[PDB]
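Chemist: Let me give you the structure first, and then I'll get to my questions.
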Amino acid sequence: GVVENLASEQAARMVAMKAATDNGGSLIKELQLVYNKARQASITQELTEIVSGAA
Amino acid sequence: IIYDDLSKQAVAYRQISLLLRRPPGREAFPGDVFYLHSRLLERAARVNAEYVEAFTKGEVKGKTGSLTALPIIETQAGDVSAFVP
Amino acid sequence: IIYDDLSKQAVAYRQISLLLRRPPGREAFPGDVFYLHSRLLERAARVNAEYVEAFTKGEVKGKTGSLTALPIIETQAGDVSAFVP
Amino acid sequence: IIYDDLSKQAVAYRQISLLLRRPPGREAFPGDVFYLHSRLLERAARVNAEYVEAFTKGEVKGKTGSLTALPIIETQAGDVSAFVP
Amino acid sequence: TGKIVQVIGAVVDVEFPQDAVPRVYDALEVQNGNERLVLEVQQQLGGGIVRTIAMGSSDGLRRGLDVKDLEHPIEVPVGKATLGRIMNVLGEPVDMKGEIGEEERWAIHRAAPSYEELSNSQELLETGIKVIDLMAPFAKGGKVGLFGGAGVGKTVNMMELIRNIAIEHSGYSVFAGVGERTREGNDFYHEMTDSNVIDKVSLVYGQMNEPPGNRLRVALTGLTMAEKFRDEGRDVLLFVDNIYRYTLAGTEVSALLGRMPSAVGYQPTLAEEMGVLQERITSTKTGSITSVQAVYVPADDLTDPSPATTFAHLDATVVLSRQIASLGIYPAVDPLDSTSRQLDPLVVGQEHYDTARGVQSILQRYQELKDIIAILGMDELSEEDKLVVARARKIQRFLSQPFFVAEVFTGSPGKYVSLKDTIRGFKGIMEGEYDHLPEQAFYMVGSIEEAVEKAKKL
Amino acid sequence: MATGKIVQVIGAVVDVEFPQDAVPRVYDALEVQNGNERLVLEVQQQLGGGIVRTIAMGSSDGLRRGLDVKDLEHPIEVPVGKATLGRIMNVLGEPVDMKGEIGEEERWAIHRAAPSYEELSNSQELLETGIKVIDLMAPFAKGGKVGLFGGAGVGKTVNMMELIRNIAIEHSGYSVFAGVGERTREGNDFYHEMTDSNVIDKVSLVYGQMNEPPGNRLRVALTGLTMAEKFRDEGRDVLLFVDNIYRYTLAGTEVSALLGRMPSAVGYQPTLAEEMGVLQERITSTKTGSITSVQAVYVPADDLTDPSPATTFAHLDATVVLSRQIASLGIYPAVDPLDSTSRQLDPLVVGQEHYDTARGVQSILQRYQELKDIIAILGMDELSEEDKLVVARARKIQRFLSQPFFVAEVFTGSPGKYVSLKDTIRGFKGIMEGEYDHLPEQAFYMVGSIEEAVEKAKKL
Amino acid sequence: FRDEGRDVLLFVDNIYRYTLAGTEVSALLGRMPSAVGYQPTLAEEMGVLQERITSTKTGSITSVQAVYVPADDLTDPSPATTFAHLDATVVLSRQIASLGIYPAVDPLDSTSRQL
Ligand SMILES: Nc1ncnc2c1ncn2[C@@H]1O[C@H](COP(=O)(O)OP(=O)(O)OP(=O)(O)O)[C@@H](O)[C@H]1O
Ligand SMILES: Nc1ncnc2c1ncn2[C@@H]1O[C@H](COP(=O)(O)OP(=O)(O)O)[C@@H](O)[C@H]1O
Ligand SMILES: [Mg+2]
């Protein structure tokens, strides 16, 4: 019984870690989209400040 | 009526607006960008028979005219939260 | 003394500066907004007894006066990097 | 040839351009900031024997010549997507 | 007397003889083809030039047209003669009925009541909506603001508030349509007429089709009518269809008025323009205005200057979240951002306050756990953290509610919930009285009895 | 007779004043004597009072105020036709090689309107490249725009030479290569490699080096496109290579910044979309003939939402991705069949057989990329006898994507192959249907068509 | 004191506020702005001040300068510019200071020419 439980433990760990890897990938893609928006916005905002500062 | 890529109409109006030195707002669109789309789509409507009778000068009676509209917008990365969308 | 929303003082000053056509600085505030708030807040001080005696011309002697300021600032999203904060 | 801190050259050229009231671009660098570094770095070259022969009026015949350039750029936070980098 | 000298979009410059220059906010008049156009004076430039905004379409205007100087500001009919009728920004009738039987006309530009005149009140006003009067209850004579992005339910929530309050309330009401859909105005007009409640309501409509000057001034027109009813000594309800459009119509004209851009390109005068409007919506020792306002949030950015400025002016703020709305939980109120001046143990009493703060604490802890849950999954949580999650999810479902105006959308009968039922239900959920029911039992049920009856059939 | 005079010189920007009655029109070309050499100026704006504002097509140093200016009454005009083949030119159409004057017959203005609605073709036709991966998985249309997304080391230029060779020999067309902001070293290398391959006679090269002022790097693309339009008018079908469309975009940004126009989102020029449309809409299939374009694409931060990628992608018909991971397998051409796409790959355009074959290959390779994970994590024992079958077929499909190029013969030592679309469809359909299952997987590598795989297996 | 031939210590309360005063006046002096609101002359002004604080063959100046870092963003042009002029740079981090473990010097960011 102990040995078969140990096999069960390693199998369950493998399954859970696979799920964790996929969920981390999803989180990365979401965060990167947010980042690209923040980058573009900062560029446009400061360039507007500069051009409107030529007065 | 189908309007294909009102995003591209917005881009064209932004070109015209920036060439005229008009101060841009959020992103680089002029504050006029809402009025631009609003006065177009708001035309689409179902008008009551009294309006049709008044406009036709009584030639058409008891009929309700209509104009449905299907504007198309394009979102980057499926981002529904952008300014123009 | 409790100055409530020093930030709205900054906003009113920005309105005045832009309506006077003074050149905008970072985040559209004028450059001297720091001088505004710094000269406001450096008045809160504890003065030694000699200054009090000189000001009162000897009517009050041996007493030290103090002014304590508690300004209030509103952050938008905890963003301390904004110009006024 | 080693150019230390080409970013500092770009900063100096930005200062010159802004004092001369030339229109600013991204991050306030002038429009032709690319042209500066490109026409600097394209001089680093290896030239064939016939070019050397023509230039020296034939006093050197069999040799190629070369100029090798090692420019240095300083990124701020690993942000390789900054303009000059 | 005057001559047009420039036409730039909505802005028209007029020259007058230097001895006759109109005052600021004077109304001018010009014949534009086969119709009359009103212009409102904004600025006096030098040399008798005056800069004005057109209250209508400026197309077809030439330079050199003769302009007539009316000696007064824009003045609109006020009083009971306006009740039951639809009026324009200029105070003109827009329904097909005859002229308005005015007895008096008021200038729409007015000063706010003095500090001495203001009045306090703590009378809690009940609503049929669980989340609003649980998390952010509001009083008679206070201001309520609905904050939300595009398409998250500001109008539907305001229509439920109308149905409940403005029909258990007995006095007059004013509805100001500012830069919103004309279809929605027509629908509202009819369902008022079918219910024969129209004769208690004055309606001013400045919808999106209108050129910018109309959208700019229509809010002041509505406030002027509401102030007439307040100063008569009545208790009045004022509904503003979208306050954001007023600031946006300021933004559209500000550049043409020659004013340097500020912040995100807003007019430099944004705070003053909003404040002078907002300060006039106030209850007074003579009479009380209760106000519900929709506040559009551009790009869902609650840190944008317009929502940020609006937040300080309101007593109760309800924030609608697209992320909740996409779950299909309606009304999509965010209880961790919605807040009220009235959530105070002295006015509400201890049970309500304790229940609200308990709900707030559990939902905050659920936010803290969700980042762990996203990567690891729930199985790693502690057995008390799993209970926190299991209760927080039920709380989120129980905040949902069927609305009568949402009968057409959902197809299920609307529900009205007394405050006592809300407090009892959420206290029972947090105490674990219902830990044995499934989550689906709580979704879109009016009261906790309905949750248990739904649970019997899952 | 020169009639204008220079009145300002501010960097590359030169302002010239003419008589009130003879202002040059926008896009016209002027010239001045900068000491002992002629400098060309292109008109951008007509200001009030007879003043015109221009961008110098060359070095601005040494210009004085008050120099005489000649008004050439046409736009920039470039030589076109057969005389251009095998020659290197600058944006002005002047020979940059040392090989003497170009024997021009005509000179065309580089600024033109795109073909009108009535001139456009009334058909959609595939340009058979002869390359199995491209012809099956990412089919070109005549008149299409194609993006190349591969990096370096991935065989990009050898792929370009193979397309040039097949279109010149197996069709009867010609190619134009536009070096928008080239590296001078790489231009020299590319010229010598095309000489060594003997494809140089088949293609005309217009080179705009990076050391050039921004106007040159902006207009060189239009020069190349004009030569392509000349070959099209002869009735041929033509390839136009743009070496980086991103640098065309950036040249537009630089020029508009020097002109001082108000910038747009992310700091690009406000005219970005129209400049891209002005270039891309000239590349179409006329009733007379077609220009098809292969364009190198760069993504400014790997951000696909940035305005330059967002504008470019709206005009691309097909995307071809080259990966070093496939090149590590020795498979050439190193084209990823799963990330490369083509919108022409629709049943109403390519037909149901082609569509089903490509979809089958896509599904099998996707499944194989899944089962590689199991083979790593758990091993081949886990794999069923049906999953072993899809692995065994996926290896053979992957190797049958390889093909020997006529221009690569010095590497492979094997004569090149040209494979017709029907033959490649038939081969992949065959392997998918389980005939040819019994051959060794190495019988498919670098072979050509399936009828040659059966010959290879007989002796392998 | 240096030209007399003495060895002196120079302490500067905050170098940043000199640059900030320059920023204040720069807009009114008619200069167009650059970067994050900073004056175009930022590097020139910084170098012109910093290149006088050096030890010559006649005498030595040892200097300790405090440098304000806006919002702890060491990317910002003023601190990023002053980094080049020093010999030892000690970086105090709010990430460490939040734990109350003063002196709060970051060992992974601080460095010196003498090491
Ligand atoms: N209580 C509700 N129950 C069901 N659906 C709802 C509810 N509230 C809103 N909705 C859905 O949301 C849609 C939009 O609602 P509403 O018009 O009130 O939004 P809004 O935020 O005021 O929008 P806008 O900014 O466009 O004027 C409704 O048509 C309906 O589909
Ligand atoms: N059909 C082919 N057979 C063998 N090698 C090939 C083939 N096609 C490309 N290659 C490989 O391409 C490599 C060089 O890539 P190349 O296209 O020159 O890179 P770049 O992107 O710098 O032009 C060579 O090592 C060559 O072996
Ligand atoms: Mg609404």
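Order determines the names: the first chain of the structure tokens is A, the second B, and so forth; residues in each chain are numbered 1 upward, and ligands are numbered 1 upward as they are shown.
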Could you give me, as a PDB file with N, CA, C and O atoms, in the first residue's frame, the residues within 12 Å of region 17-26 of chain F, counting only C-alpha atoms and dropping anything in the same chain fewer than 6 positions from it?
Modeler:
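New file out.pdb:
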```
ATOM      1  N   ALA F   2      18.411  79.063 -64.628  1.00  0.00           N
ATOM      2  CA  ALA F   2      17.937  78.917 -63.261  1.00  0.00           C
ATOM      3  C   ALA F   2      17.120  80.142 -62.869  1.00  0.00           C
ATOM      4  O   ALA F   2      17.476  81.275 -63.205  1.00  0.00           O
ATOM      5  N   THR F   3      16.017  79.909 -62.157  1.00  0.00           N
ATOM      6  CA  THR F   3      15.088  80.977 -61.817  1.00  0.00           C
ATOM      7  C   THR F   3      14.859  81.164 -60.325  1.00  0.00           C
ATOM      8  O   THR F   3      14.362  82.225 -59.931  1.00  0.00           O
ATOM      9  N   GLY F   4      15.191  80.181 -59.489  1.00  0.00           N
ATOM     10  CA  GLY F   4      15.048  80.312 -58.057  1.00  0.00           C
ATOM     11  C   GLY F   4      16.376  80.588 -57.362  1.00  0.00           C
ATOM     12  O   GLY F   4      17.451  80.469 -57.941  1.00  0.00           O
ATOM     13  N   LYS F   5      16.275  80.977 -56.092  1.00  0.00           N
ATOM     14  CA  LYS F   5      17.439  81.138 -55.231  1.00  0.00           C
ATOM     15  C   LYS F   5      17.191  80.503 -53.871  1.00  0.00           C
ATOM     16  O   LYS F   5      16.082  80.574 -53.331  1.00  0.00           O
ATOM     17  N   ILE F   6      18.236  79.880 -53.327  1.00  0.00           N
ATOM     18  CA  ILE F   6      18.174  79.333 -51.977  1.00  0.00           C
ATOM     19  C   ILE F   6      18.076  80.475 -50.977  1.00  0.00           C
ATOM     20  O   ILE F   6      18.801  81.475 -51.077  1.00  0.00           O
ATOM     21  N   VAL F   7      17.168  80.342 -50.011  1.00  0.00           N
ATOM     22  CA  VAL F   7      16.987  81.368 -48.992  1.00  0.00           C
ATOM     23  C   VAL F   7      17.199  80.851 -47.576  1.00  0.00           C
ATOM     24  O   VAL F   7      17.475  81.663 -46.675  1.00  0.00           O
ATOM     25  N   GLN F   8      17.074  79.549 -47.332  1.00  0.00           N
ATOM     26  CA  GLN F   8      17.406  78.942 -46.052  1.00  0.00           C
ATOM     27  C   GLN F   8      18.045  77.581 -46.288  1.00  0.00           C
ATOM     28  O   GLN F   8      17.743  76.898 -47.269  1.00  0.00           O
ATOM     29  N   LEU F  41      16.946  68.445 -55.359  1.00  0.00           N
ATOM     30  CA  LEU F  41      16.033  68.774 -54.271  1.00  0.00           C
ATOM     31  C   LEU F  41      14.615  68.397 -54.685  1.00  0.00           C
ATOM     32  O   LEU F  41      14.199  68.691 -55.811  1.00  0.00           O
ATOM     33  N   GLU F  42      13.867  67.762 -53.785  1.00  0.00           N
ATOM     34  CA  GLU F  42      12.486  67.383 -54.074  1.00  0.00           C
ATOM     35  C   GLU F  42      11.511  68.255 -53.287  1.00  0.00           C
ATOM     36  O   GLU F  42      11.647  68.408 -52.070  1.00  0.00           O
ATOM     37  N   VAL F  43      10.523  68.808 -53.990  1.00  0.00           N
ATOM     38  CA  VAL F  43       9.559  69.726 -53.389  1.00  0.00           C
ATOM     39  C   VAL F  43       8.588  68.975 -52.488  1.00  0.00           C
ATOM     40  O   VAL F  43       7.978  67.982 -52.898  1.00  0.00           O
ATOM     41  N   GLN F  44       8.434  69.460 -51.254  1.00  0.00           N
ATOM     42  CA  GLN F  44       7.486  68.913 -50.289  1.00  0.00           C
ATOM     43  C   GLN F  44       6.280  69.809 -50.052  1.00  0.00           C
ATOM     44  O   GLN F  44       5.158  69.309 -49.954  1.00  0.00           O
ATOM     45  N   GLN F  45       6.480  71.125 -49.957  1.00  0.00           N
ATOM     46  CA  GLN F  45       5.410  72.060 -49.629  1.00  0.00           C
ATOM     47  C   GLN F  45       5.608  73.355 -50.402  1.00  0.00           C
ATOM     48  O   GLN F  45       6.740  73.802 -50.588  1.00  0.00           O
ATOM     49  N   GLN F  46       4.504  73.957 -50.848  1.00  0.00           N
ATOM     50  CA  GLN F  46       4.521  75.307 -51.405  1.00  0.00           C
ATOM     51  C   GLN F  46       4.058  76.288 -50.334  1.00  0.00           C
ATOM     52  O   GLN F  46       2.875  76.321 -49.983  1.00  0.00           O
ATOM     53  N   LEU F  47       4.985  77.092 -49.825  1.00  0.00           N
ATOM     54  CA  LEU F  47       4.632  78.144 -48.888  1.00  0.00           C
ATOM     55  C   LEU F  47       4.200  79.402 -49.641  1.00  0.00           C
ATOM     56  O   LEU F  47       4.378  79.527 -50.855  1.00  0.00           O
ATOM     57  N   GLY F  48       3.610  80.342 -48.907  1.00  0.00           N
ATOM     58  CA  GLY F  48       3.175  81.581 -49.524  1.00  0.00           C
ATOM     59  C   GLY F  48       4.341  82.429 -49.997  1.00  0.00           C
ATOM     60  O   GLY F  48       5.451  82.363 -49.463  1.00  0.00           O
ATOM     61  N   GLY F  49       4.076  83.237 -51.019  1.00  0.00           N
ATOM     62  CA  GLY F  49       5.033  84.221 -51.477  1.00  0.00           C
ATOM     63  C   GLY F  49       6.058  83.719 -52.460  1.00  0.00           C
ATOM     64  O   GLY F  49       7.092  84.373 -52.639  1.00  0.00           O
ATOM     65  N   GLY F  50       5.815  82.581 -53.101  1.00  0.00           N
ATOM     66  CA  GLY F  50       6.764  82.022 -54.034  1.00  0.00           C
ATOM     67  C   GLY F  50       7.824  81.150 -53.404  1.00  0.00           C
ATOM     68  O   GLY F  50       8.637  80.567 -54.132  1.00  0.00           O
ATOM     69  N   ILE F  51       7.849  81.049 -52.079  1.00  0.00           N
ATOM     70  CA  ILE F  51       8.800  80.189 -51.385  1.00  0.00           C
ATOM     71  C   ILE F  51       8.321  78.745 -51.443  1.00  0.00           C
ATOM     72  O   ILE F  51       7.126  78.461 -51.305  1.00  0.00           O
ATOM     73  N   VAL F  52       9.259  77.828 -51.662  1.00  0.00           N
ATOM     74  CA  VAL F  52       8.972  76.404 -51.691  1.00  0.00           C
ATOM     75  C   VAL F  52       9.952  75.713 -50.751  1.00  0.00           C
ATOM     76  O   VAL F  52      11.087  76.162 -50.565  1.00  0.00           O
ATOM     77  N   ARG F  53       9.511  74.614 -50.142  1.00  0.00           N
ATOM     78  CA  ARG F  53      10.326  73.899 -49.166  1.00  0.00           C
ATOM     79  C   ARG F  53      10.633  72.495 -49.668  1.00  0.00           C
ATOM     80  O   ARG F  53       9.731  71.775 -50.111  1.00  0.00           O
ATOM     81  N   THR F  54      11.910  72.116 -49.597  1.00  0.00           N
ATOM     82  CA  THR F  54      12.412  70.917 -50.255  1.00  0.00           C
ATOM     83  C   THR F  54      13.311  70.122 -49.314  1.00  0.00           C
ATOM     84  O   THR F  54      13.864  70.651 -48.344  1.00  0.00           O
ATOM     85  N   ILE F  55      13.464  68.838 -49.640  1.00  0.00           N
ATOM     86  CA  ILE F  55      14.381  67.924 -48.965  1.00  0.00           C
ATOM     87  C   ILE F  55      15.522  67.615 -49.924  1.00  0.00           C
ATOM     88  O   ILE F  55      15.285  67.259 -51.085  1.00  0.00           O
ATOM     89  N   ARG F  65      23.375  80.503 -49.012  1.00  0.00           N
ATOM     90  CA  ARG F  65      22.211  81.291 -49.387  1.00  0.00           C
ATOM     91  C   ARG F  65      22.508  82.047 -50.679  1.00  0.00           C
ATOM     92  O   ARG F  65      23.631  82.506 -50.900  1.00  0.00           O
ATOM     93  N   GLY F  66      21.502  82.157 -51.545  1.00  0.00           N
ATOM     94  CA  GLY F  66      21.644  82.879 -52.796  1.00  0.00           C
ATOM     95  C   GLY F  66      22.110  82.077 -53.997  1.00  0.00           C
ATOM     96  O   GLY F  66      22.280  82.663 -55.075  1.00  0.00           O
ATOM     97  N   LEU F  67      22.324  80.769 -53.861  1.00  0.00           N
ATOM     98  CA  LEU F  67      22.695  79.950 -55.010  1.00  0.00           C
ATOM     99  C   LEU F  67      21.543  79.845 -56.005  1.00  0.00           C
ATOM    100  O   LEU F  67      20.369  79.816 -55.622  1.00  0.00           O
ATOM    101  N   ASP F  68      21.886  79.776 -57.289  1.00  0.00           N
ATOM    102  CA  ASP F  68      20.878  79.646 -58.333  1.00  0.00           C
ATOM    103  C   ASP F  68      20.264  78.250 -58.312  1.00  0.00           C
ATOM    104  O   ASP F  68      20.938  77.269 -57.987  1.00  0.00           O
ATOM    105  N   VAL F  69      18.976  78.158 -58.649  1.00  0.00           N
ATOM    106  CA  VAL F  69      18.239  76.898 -58.607  1.00  0.00           C
ATOM    107  C   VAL F  69      17.521  76.686 -59.935  1.00  0.00           C
ATOM    108  O   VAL F  69      16.802  77.575 -60.403  1.00  0.00           O
ATOM    109  N   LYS F  70      17.701  75.505 -60.528  1.00  0.00           N
ATOM    110  CA  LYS F  70      17.031  75.137 -61.772  1.00  0.00           C
ATOM    111  C   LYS F  70      15.782  74.311 -61.471  1.00  0.00           C
ATOM    112  O   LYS F  70      15.841  73.342 -60.708  1.00  0.00           O
ATOM    113  N   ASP F  71      14.661  74.692 -62.081  1.00  0.00           N
ATOM    114  CA  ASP F  71      13.381  74.008 -61.897  1.00  0.00           C
ATOM    115  C   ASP F  71      13.161  72.996 -63.020  1.00  0.00           C
ATOM    116  O   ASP F  71      12.656  73.327 -64.090  1.00  0.00           O
ATOM    117  N   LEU F  72      13.548  71.745 -62.782  1.00  0.00           N
ATOM    118  CA  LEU F  72      13.126  70.673 -63.674  1.00  0.00           C
ATOM    119  C   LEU F  72      11.636  70.435 -63.472  1.00  0.00           C
ATOM    120  O   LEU F  72      11.195  70.147 -62.355  1.00  0.00           O
ATOM    121  N   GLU F  73      10.858  70.528 -64.549  1.00  0.00           N
ATOM    122  CA  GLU F  73       9.404  70.601 -64.422  1.00  0.00           C
ATOM    123  C   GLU F  73       8.737  69.236 -64.265  1.00  0.00           C
ATOM    124  O   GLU F  73       7.506  69.176 -64.177  1.00  0.00           O
ATOM    125  N   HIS F  74       9.497  68.150 -64.236  1.00  0.00           N
ATOM    126  CA  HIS F  74       8.969  66.828 -63.942  1.00  0.00           C
ATOM    127  C   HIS F  74       9.396  66.395 -62.547  1.00  0.00           C
ATOM    128  O   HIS F  74      10.275  67.004 -61.930  1.00  0.00           O
ATOM    129  N   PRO F  75       8.782  65.333 -62.002  1.00  0.00           N
ATOM    130  CA  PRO F  75       9.303  64.751 -60.762  1.00  0.00           C
ATOM    131  C   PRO F  75      10.619  64.025 -61.007  1.00  0.00           C
ATOM    132  O   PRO F  75      11.152  64.065 -62.124  1.00  0.00           O
ATOM    133  N   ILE F  76      11.156  63.364 -59.981  1.00  0.00           N
ATOM    134  CA  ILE F  76      12.350  62.549 -60.173  1.00  0.00           C
ATOM    135  C   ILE F  76      12.052  61.460 -61.193  1.00  0.00           C
ATOM    136  O   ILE F  76      11.076  60.710 -61.055  1.00  0.00           O
ATOM    137  N   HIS F 111       6.663  59.002 -59.075  1.00  0.00           N
ATOM    138  CA  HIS F 111       5.414  59.269 -58.371  1.00  0.00           C
ATOM    139  C   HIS F 111       4.241  58.999 -59.303  1.00  0.00           C
ATOM    140  O   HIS F 111       4.114  59.648 -60.348  1.00  0.00           O
TER     141      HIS F 111
END
```
Chemist: Least-squares superpose chain C onto chain B - every C-alpha atom, paired in order - and show me the moved coordinates as a short mmCIF file (atom, residue, chain, number, x, y, z; two decimals) with C-alpha atoms, in the first residue's frame.
Modeler:
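Heads up, here's the output in part-v7.cif:
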```
data_model
loop_
_atom_site.label_atom_id
_atom_site.label_comp_id
_atom_site.auth_asym_id
_atom_site.auth_seq_id
_atom_site.Cartn_x
_atom_site.Cartn_y
_atom_site.Cartn_z
CA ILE C 1 -25.80 50.31 -44.34
CA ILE C 2 -22.50 48.58 -43.57
CA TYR C 3 -19.74 50.99 -42.57
CA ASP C 4 -16.56 48.95 -43.06
CA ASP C 5 -13.66 49.87 -40.74
CA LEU C 6 -15.00 52.89 -38.90
CA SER C 7 -11.54 52.78 -37.30
CA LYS C 8 -9.91 53.80 -40.57
CA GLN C 9 -12.32 56.73 -40.70
CA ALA C 10 -10.94 57.63 -37.28
CA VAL C 11 -7.36 57.26 -38.54
CA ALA C 12 -7.96 59.51 -41.55
CA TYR C 13 -9.60 62.06 -39.25
CA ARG C 14 -6.57 61.92 -36.94
CA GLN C 15 -4.31 62.59 -39.94
CA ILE C 16 -6.42 65.62 -40.89
CA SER C 17 -6.50 66.92 -37.30
CA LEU C 18 -2.74 66.63 -36.77
CA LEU C 19 -1.93 68.22 -40.13
CA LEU C 20 -4.17 71.13 -39.06
CA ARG C 21 -2.13 71.41 -35.81
CA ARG C 22 -5.14 70.76 -33.57
CA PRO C 23 -4.11 69.65 -30.06
CA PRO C 24 -3.81 65.87 -29.72
CA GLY C 25 -5.78 64.08 -27.06
CA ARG C 26 -5.57 60.54 -25.72
CA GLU C 27 -3.73 58.07 -27.98
CA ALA C 28 -3.01 61.05 -30.29
CA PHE C 29 -6.61 61.23 -31.51
CA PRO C 30 -8.49 64.54 -31.33
CA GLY C 31 -11.06 64.90 -28.58
CA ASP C 32 -14.09 65.27 -30.88
CA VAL C 33 -13.68 61.81 -32.48
CA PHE C 34 -16.54 60.67 -30.24
CA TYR C 35 -18.69 63.45 -31.69
CA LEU C 36 -17.66 62.30 -35.17
CA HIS C 37 -18.80 58.70 -34.67
CA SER C 38 -21.83 59.55 -32.50
CA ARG C 39 -23.32 61.99 -35.00
CA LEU C 40 -22.59 59.49 -37.77
CA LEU C 41 -24.33 56.61 -35.98
CA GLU C 42 -27.31 58.48 -34.52
CA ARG C 43 -28.67 58.97 -38.06
CA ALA C 44 -29.56 55.27 -38.27
CA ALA C 45 -33.09 55.33 -36.87
CA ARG C 46 -36.68 54.22 -37.32
CA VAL C 47 -38.98 57.19 -37.88
CA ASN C 48 -42.70 57.22 -37.15
CA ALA C 49 -45.26 57.57 -39.93
CA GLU C 50 -45.99 61.23 -39.10
CA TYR C 51 -42.41 62.27 -39.89
CA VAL C 52 -42.56 60.39 -43.20
CA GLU C 53 -45.83 62.09 -44.13
CA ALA C 54 -44.42 65.52 -43.28
CA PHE C 55 -41.22 64.88 -45.26
CA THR C 56 -43.07 63.49 -48.29
CA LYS C 57 -45.78 66.19 -48.05
CA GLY C 58 -48.56 63.60 -47.97
CA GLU C 59 -47.39 61.52 -50.95
CA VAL C 60 -46.58 58.59 -48.62
CA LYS C 61 -48.91 57.96 -45.68
CA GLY C 62 -48.96 55.32 -42.96
CA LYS C 63 -45.48 53.91 -43.62
CA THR C 64 -42.54 53.91 -41.19
CA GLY C 65 -39.01 54.18 -42.57
CA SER C 66 -35.88 52.68 -41.06
CA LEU C 67 -32.11 52.79 -41.51
CA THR C 68 -30.03 50.00 -39.95
CA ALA C 69 -26.28 50.44 -39.44
CA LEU C 70 -23.68 47.67 -38.96
CA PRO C 71 -20.33 49.36 -38.21
CA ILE C 72 -17.12 47.31 -38.10
CA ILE C 73 -14.26 47.87 -35.63
CA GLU C 74 -10.86 46.14 -35.56
CA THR C 75 -9.25 45.47 -32.18
CA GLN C 76 -5.50 44.96 -32.00
CA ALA C 77 -5.31 42.11 -29.47
CA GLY C 78 -8.87 41.92 -28.22
CA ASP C 79 -8.01 45.13 -26.35
CA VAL C 80 -11.40 46.84 -26.05
CA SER C 81 -9.84 49.59 -23.91
CA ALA C 82 -8.48 51.49 -26.92
CA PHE C 83 -9.99 54.92 -27.49
CA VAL C 84 -11.92 54.30 -30.72
CA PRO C 85 -13.36 50.91 -29.63
#
```
Chemist: Just the residues within 7 Å of residue 110 (chain G), please, counting only C-alpha atoms, with nothing from its chain fewer than 5 positions along; format it as an NGL selection string.
Modeler: :G and (89-91)
Chemist: Restricting the calculation to only C-alpha atoms and all ligand atoms: of F:131, F:239, F:374, F:283, which residue gets closest to ligand 2?
Modeler: F:131
Chemist: Return the neighbours of chain D among the residues of chain F, cut-off 6 Å, counting only C-alpha atoms, as a list in words.
Modeler: residues 211, 254, 257, 258, 260 and 267 of chain F
Chemist: Restrict the selected residues to N, CA, C and O atoms and save them as a short mmCIF file (atom, residue, chain, number, x, y, z; two decimals), in the first residue's frame.
Modeler:
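As written to disk, part.cif reads:
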```cif
data_model
loop_
_atom_site.label_atom_id
_atom_site.label_comp_id
_atom_site.auth_asym_id
_atom_site.auth_seq_id
_atom_site.Cartn_x
_atom_site.Cartn_y
_atom_site.Cartn_z
N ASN F 211 23.99 55.38 -44.94
CA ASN F 211 24.70 56.65 -44.86
C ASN F 211 23.99 57.77 -45.62
O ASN F 211 24.40 58.93 -45.51
N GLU F 254 11.29 60.17 -40.07
CA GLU F 254 12.39 61.13 -40.01
C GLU F 254 12.11 62.35 -40.89
O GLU F 254 12.34 63.49 -40.47
N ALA F 257 9.42 64.51 -39.35
CA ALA F 257 9.96 65.23 -38.20
C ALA F 257 10.80 66.42 -38.65
O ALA F 257 10.72 67.50 -38.06
N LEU F 258 11.63 66.23 -39.68
CA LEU F 258 12.42 67.34 -40.20
C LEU F 258 11.52 68.44 -40.77
O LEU F 258 11.82 69.63 -40.64
N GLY F 260 8.72 69.01 -39.53
CA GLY F 260 8.09 69.57 -38.34
C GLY F 260 6.59 69.40 -38.24
O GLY F 260 5.93 70.19 -37.57
N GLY F 267 4.60 58.34 -31.62
CA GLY F 267 5.54 59.23 -32.26
C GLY F 267 5.72 59.07 -33.75
O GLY F 267 6.63 59.70 -34.32
#
```
